[PDB]
Each structure stands twice: as structure tokens, then as C-alpha cells.
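Next comes just one chain, in C-alpha cells: the form deposited in one PDB entry.
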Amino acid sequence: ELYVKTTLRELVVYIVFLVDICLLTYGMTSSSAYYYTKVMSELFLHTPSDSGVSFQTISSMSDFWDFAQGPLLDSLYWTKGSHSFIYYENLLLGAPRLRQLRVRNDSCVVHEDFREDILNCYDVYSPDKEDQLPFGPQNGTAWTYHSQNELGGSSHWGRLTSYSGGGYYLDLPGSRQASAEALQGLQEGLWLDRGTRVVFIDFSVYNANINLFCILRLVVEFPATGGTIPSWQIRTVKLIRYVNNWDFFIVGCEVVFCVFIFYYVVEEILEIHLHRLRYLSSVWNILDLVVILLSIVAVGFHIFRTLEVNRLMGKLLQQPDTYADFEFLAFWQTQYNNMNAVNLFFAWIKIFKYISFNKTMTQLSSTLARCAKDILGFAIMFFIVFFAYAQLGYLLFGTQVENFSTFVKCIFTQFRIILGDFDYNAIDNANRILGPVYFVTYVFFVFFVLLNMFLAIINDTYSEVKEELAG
């Protein structure tokens, strides 16, 4: 029935804590944060050049050089100061930076039949096999190697190799014809040659009306087989200023939240007086520690981010015309956002522990304990066949289809097939004799397993009531 559980004090204080935690989490986001990533993602990607080369259309090296000297400069260095303002309001912080990662000349020895037609051979990228020598004119910074310690940077687990953070870089100058001449000098000399493996272009924009940084990087990968694979990453950062009244209200909510997590951690460590008895047996006494840990790491990252953004903006206003690394801050800010979302989810869940609802919910965890030992004998018997199917799909398709191109992608593709979201035509075109067979038999197996476990569940209670009525 609808009745309040344990106490009327803890319920009220938890309601207060929930309102506070759901007000200090929605106060670090922006309503116009989705319209900023769409206006900046359609300006730099969907903008065709002459000959119609967007960013997502880049498919060779000549296409890369038509995109670089075309709609990349026309979008960075806008038209009608000493500083550039994209769309009359946005401010381009620092200076962009092209960065390239090469691969050594002799790393992938050729076969015996071809070693008179193909002299030297360039392997796929690997930090073991990487070129660290000057090339081209061997003159500037775009033709010599600078390690990851000089170029303060970090790995980029982007696609196929988790690329490093060093390489051959060039910081575009302030003007537009100056940077156009720089890129022309980089094209006439062969910057992109057989040894190139990846090229990053990263920069950052700041809007003033809304206080938002849009930090965007564009990666182009040149596989060992020629071609390109353009990908991108566009993120947003807040940089809350403490000048409004709402900002001081948010500071108040933050200090209240700190006091709340302290009171909850003391209330948790106090009831460990039941040293091991009934403590780590209850399930809620794991959710409490989880939300405590998450709420601690939250303020940890908050302090760190304040310090880092202060340092970065100081370095920027100290000496412009140099790359200001914002990628670290943006990446870890998105991690912080995800952690906050999960913490809010758990804090919303605990209300069920605090207040009881219809008898259905109170007996739901009693229903779950019915399939006590049937499920561990079902999980294995289902996952064995699930992974057999996953790798069968990876081996039949996976050269043609994209969703099957690797193992974990097969796992998630099958998990989506369960949810009624599939693309049967690509499967069929990949192999029109073992495609339909795979699809049909997989769906039949899933339905069979589901029906079987349902039969087991509702056959458990028959035997239960039978033995309890005749016992």
C-alpha cells in the first residue's frame, strides 16, 4: 500500500538533498548548447568548396588539399581590429594547428615475388614504427619531429590505432593570405606523402553572449591502403562566471551539497557498527557508497577545472598567436558531465528505498529472487550461443558491412537487432545465401530463449504453490 517507509525525517532531508542535487546539476548546462554545436558543425563540415568537397566528402590527398586551402580558411578568417570574429560574434582563440604523424620507411619487408617491383614498404601505424627524422626541406617546425613532451598533448584513441601526441606541426598565422601562402608552401613540397598516417586540425571558439567554448578537432586518417577516413569531435565547455545573482545562488547550492555529502558519509560510517552483520547484505548500502564516491569526485573535478581554465586563459591573454591546448579540458569536462548524469540517476532511484509504493513494487525484488539459480544457468547457456553468432557474423560479413567490421561492433549490432532496429538489406547484399539464414535463425534463437525463460519463470510458481499446499 501507499505508506511512508522508515521515518518522516530522513525522507524530508533526502527530498531536500535531491532537489538540491537536481538544481546544481541543471545549473552547469546551457539551453543553447545544442544550437551552438549545430551552427559550428555545419559551418566547418557541410560547407562545400569549388568542385564540391565538404569535410565528410574528403576521399584522397588532393581532396584534403582542396578542403584545406578552400572552405577551411574561408571559415576561419572571416570577411569584414587585429583579431578575427567568425559570424561577427564568435572569437577564435589562439591559432589553429595542423599536426601529422609519419611512419618509418623500412618496417614491413616485402614478399619475395614483388621485391623487385616494390622497393620500400610502409607498415600501418604503431608507436614502435614511427619516423622521427626531418624530411622535406628539413627547415622549420612542419618538417622536424617534436616529442609529446614539448608538444604538451595526450593520446587520441580515435580510430584504428590510438594515435600519439607528438609529430610534425604548423601553427597557422594571423592573416588569411599569410596562412594561404603557408599552406601553399606545404603543398608544393610533399607534406602528405606515403609515410603520412594521420593529420589533426584542432582549434577553439568562444562566444560572449552565451558563455560557451566550442572546442573542435578534425582527424583525417590515411590507412596503409591509401584513402582517407575523416572524423571529428566537437565539444562545449561552460566557464561559469560569478557575476550574476543566479551564480551566487548556485554557489550556495554547491556548499549545501558539500555539507549534505558530508552528513551522509558520517551517517554511513556510523552504522558500520554492525561490523559485517546485515550491512553489506542490504543492497542500498552499496548505492550509498556509490553516490558518495561520485559526489566526491564531482567536487574534485570542479576544483581541478577551475584551476585549469584559469591557467589557460591567463596563458592566452599573456601571449596570443600560439596554440592554447583546450582538448584536455573539454575531454575531461564531458567525462564529468557523464558522471554527474549517472549520479543523478542513482539519487533519483533511491527514493524507492525511502518511500514504499504499491505492493507490486515491494514484491518485485521477491519476484527477482524466484529465478535464483535458473539465471546463472541461463546466462551462460545464452551467452555461449550469442558470442558464437557474433563471431559467425564477423566472419561471414565484416569485410563488406560496416556494423560487422570488428567484434564489439558485431556484439552491439546483434544487441540492436534484438531491439527491432536493423538493416536487413546490407546483410542480404553482403551474402544472399548465408545472409537470410543468419538473420532468420538468429531471430528464432532469441525468441526461443525468451519464451523458454518465461516458461521456466511461470513454472517455478506452480511447483512452489504445489509443494506448499501439499506439504
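Here the rigid core means the biggest group of C-alpha atoms that line up within 1.5 Å when the two forms are laid on top of each other. Residue numbers run from 1 along the displayed sequence.
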According to the entry, how many residues of the deposited sequence fall between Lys80 and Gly81 and are not modelled? Options: none, 1 to 3, 4 to 9, 10 or more.
4 to 9
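Heads up, the form deposited in another entry isn't pictured, but that's what we're talking about next.
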State which of the options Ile296, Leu239, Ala224, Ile210 undergoes a Cα shift of 2 Å or more between the shown form and the other one, taking the core as fixed.
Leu239
Comparing between the shown form and the other one on the rigid core, is the C-alpha shift at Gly165 2 Å or larger?
no
CA of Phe249, rigid core aligned, shift of 2 Å or more between the shown form and the other one
yes
